[PDB]
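Asker: Enclosed are the sequence and the experimentally obtained structure.
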Amino acid sequence: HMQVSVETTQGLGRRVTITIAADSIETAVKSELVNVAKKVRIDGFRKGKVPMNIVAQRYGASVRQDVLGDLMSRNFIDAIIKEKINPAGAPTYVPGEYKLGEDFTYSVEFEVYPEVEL
Amino acid sequence: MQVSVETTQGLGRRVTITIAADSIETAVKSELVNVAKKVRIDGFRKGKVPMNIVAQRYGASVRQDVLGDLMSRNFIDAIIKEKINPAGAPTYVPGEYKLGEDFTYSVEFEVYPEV
Amino acid sequence: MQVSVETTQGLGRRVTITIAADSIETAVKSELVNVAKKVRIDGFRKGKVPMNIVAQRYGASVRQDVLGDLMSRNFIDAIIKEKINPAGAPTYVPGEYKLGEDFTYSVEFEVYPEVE
């Protein structure tokens, strides 16, 4: 399951629209934050033992951004493999609005390769 | 409790206090949990809002309120232990706050004359 | 808790909140009861100091403590209900406090700009 929509725009053009579930995002942000916690040190303790509420407060927004970008990319690649879509050149990511704690939808626009003619 | 009491200057007095970082985190966590029970997020109903979300959005605000609450509570706990009390409005002189670190501050005020 | 939210200028916002007089009195009385439990002074065993003495000595400090606490909790409750998110740390602007009366104060801060 993923929630993917394919569209034909014009000519060799296509558009893939994907919605990432809020819980998938939260799970990703969670593990990324624990990895980031391993890198932070604060006088009062030894590196890596910083309280999660502190790491989330300070790095949550940046990490949430990183994760969104990463998930958009990974889900797109999985989508074209499953849908057997062959992009030509570099695709363009068209992100939707992101609402904290909610599902996230975006589109990816690109041209595909025409059938190899010999 | 780590308290320091300077004394005298025409009844004037100064109490410097240092709050444990852990004490700070416990208050913050409790407040954030309260917040997670009140926040409503569209499409989400499975229990309280995740803490990473709450800490990110409400962390700075909740932590500032918790620092003010603790400065006050600890000053009171301090004077109760030092068997003394202010005569006028106390002046809070905060030190630098460093995320996740012990916090130190001072409180200046006067006491009623005795013999 | 009466709440009024308004724009000042640009991303600046002001939330004005009024705290009921008895919400304050109830909180003050409760904290005074807990302070009495901790106090051992003026010849009395711990927790047995007459309330008139506890009030005369720590009433003012308790009042200050409770007001600050109520201002914070009421602000947070307010931004949650109004669904407005401060970009940084909020600035409190208290009104004048009249013992036994309602208390109105304002909180100023900026919101994040629209992503657009």
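Answerer: It's in. Numbering: from 1, shown residues only, chains lettered A, B, ... in the order given.
Asker: what's near enough to touch residue A:112?
Answerer: Shown in contact with residue A:112 (Cβ atoms under 8 Å, 6 or more residues apart in numbering or on different chains): A:12, A:13, A:14, A:85, A:86, A:87, A:88. (Each C-beta comes from the backbone N, C-alpha and C, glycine too.)
Asker: go with 7 Å
Answerer: A:12, A:14, A:85, A:86, A:87, A:88 (Cβ atoms under 7 Å, 6 or more residues apart in numbering or on different chains).
Asker: For those, which two are the farthest from each other?
Answerer: A:12 and A:85 (11.3 Å; Cβ to Cβ).
Asker: Of the two, give the one with the bigger neighbour count.
Answerer: residue A:85 (17 against 12; other Cβ atoms under 10 Å in any protein chain shown).
Asker: Serialize the contacts of residue A:112 to JSON lines and add fields for distance to chain C and secondary structure.
Answerer: Below are these laid out as JSON lines (distance: Cβ to the nearest Cβ, whole Å; DSSP: H, G, I helix; E, B strand; the rest coil):
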{"residue": "A:12", "distance to chain C": "31", "secondary structure": "coil"}
{"residue": "A:14", "distance to chain C": "26", "secondary structure": "strand"}
{"residue": "A:85", "distance to chain C": "29", "secondary structure": "coil"}
{"residue": "A:86", "distance to chain C": "32", "secondary structure": "coil"}
{"residue": "A:87", "distance to chain C": "27", "secondary structure": "strand"}
{"residue": "A:88", "distance to chain C": "30", "secondary structure": "strand"}
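Asker: Which single one of the residues you listed is nearest to residue A:49?
Answerer: residue A:87 (44.4 Å).
Asker: May I have the phi/psi pair for the residue of chain A found nearest chain C?
Answerer: Using Cβ to the nearest Cβ, the single residue of chain A nearest to chain C is residue A:97, 6.6 Å away. Main-chain dihedrals, residue A:97, degrees, to the nearest 10: phi -70, psi 140.
Asker: cool, residue A:111 as well?
Answerer: Main-chain torsions, residue A:111, degrees, to the nearest 10: phi -100, psi 150.
Asker: Residue A:52 now?
Answerer: Per degrees, to the nearest 10, the backbone of residue A:52 is at phi -50, psi -30.
Asker: Distance check, it against residue B:23.
Answerer: Noted for residue A:52: a distance of 17 Å to residue B:23, by Cβ to Cβ, to the nearest Å.
Asker: For chain A, which residues are neighbours of chain B?
Answerer: A:22, A:26, A:29-30, A:33, A:42-44, A:50-51, A:53-54, A:56-58, A:60-61, A:100-103 (Cβ under 7 Å from any Cβ of the partner chain).
Asker: Out of those residues, which sit inside helices?
Answerer: Among the residues of chain A next to chain B, the members found in helices (DSSP state H) are A:22, A:26, A:29, A:30, A:33, A:53, A:54, A:56, A:57, A:58, A:60, A:61.
Asker: How about the residues of chain A by chain C?
Answerer: So chain A meets chain C at residue A:97 (Cβ under 7 Å from any Cβ).
Asker: For stretch A:43-59, output the C-alpha coordinates as CSV.
Answerer: Extracted C-alpha coordinates of stretch A:43-59, given in CSV (Å, rounded to 0.1, in the frame of the first residue of the first chain):
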residue,chain,number,x,y,z
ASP,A,43,27.9,20.0,29.3
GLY,A,44,25.6,18.3,31.9
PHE,A,45,26.2,14.9,30.4
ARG,A,46,28.2,12.6,28.1
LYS,A,47,27.6,12.8,24.3
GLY,A,48,24.4,11.0,23.2
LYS,A,49,22.4,11.1,26.5
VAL,A,50,20.5,14.3,25.7
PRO,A,51,16.7,14.1,26.5
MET,A,52,14.6,13.6,23.4
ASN,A,53,12.3,16.6,24.1
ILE,A,54,15.4,18.8,23.9
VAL,A,55,16.5,17.3,20.5
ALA,A,56,13.0,17.5,19.1
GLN,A,57,12.7,21.1,20.2
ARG,A,58,15.9,22.2,18.7
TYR,A,59,16.3,19.9,15.7
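Asker: which residues in chain A form strands?
Answerer: Applying DSSP state E to chain A gives strands spanning A:4-8, A:13-20, A:87-95, A:104-112.
Asker: List the strands paired with the last one, with their directions.
Answerer: So the one you mean is strand A:104-112. Using DSSP bridges, strand A:104-112 pairs in its sheet with strand A:13-20 (antiparallel), strand A:87-95 (antiparallel).
Asker: now the last one, how far from the centre of its chain.
Answerer: Meaning strand A:87-95. From the chain centre to the centre of strand A:87-95 is a distance of 14 Å (Cα atoms, centre = their mean, to the nearest Å).
Asker: Tally up the residues packed near residue A:53, please.
Answerer: Count around residue A:53 with other Cβ under 10 Å applied: 23.
Asker: Just give the closest residue to it, not the sequence neighbours.
Answerer: Nearest non-adjacent residue to residue A:53, counting by Cβ to Cβ, 6 or more residues apart in numbering or on different chains: residue B:55, 4.5 Å away.
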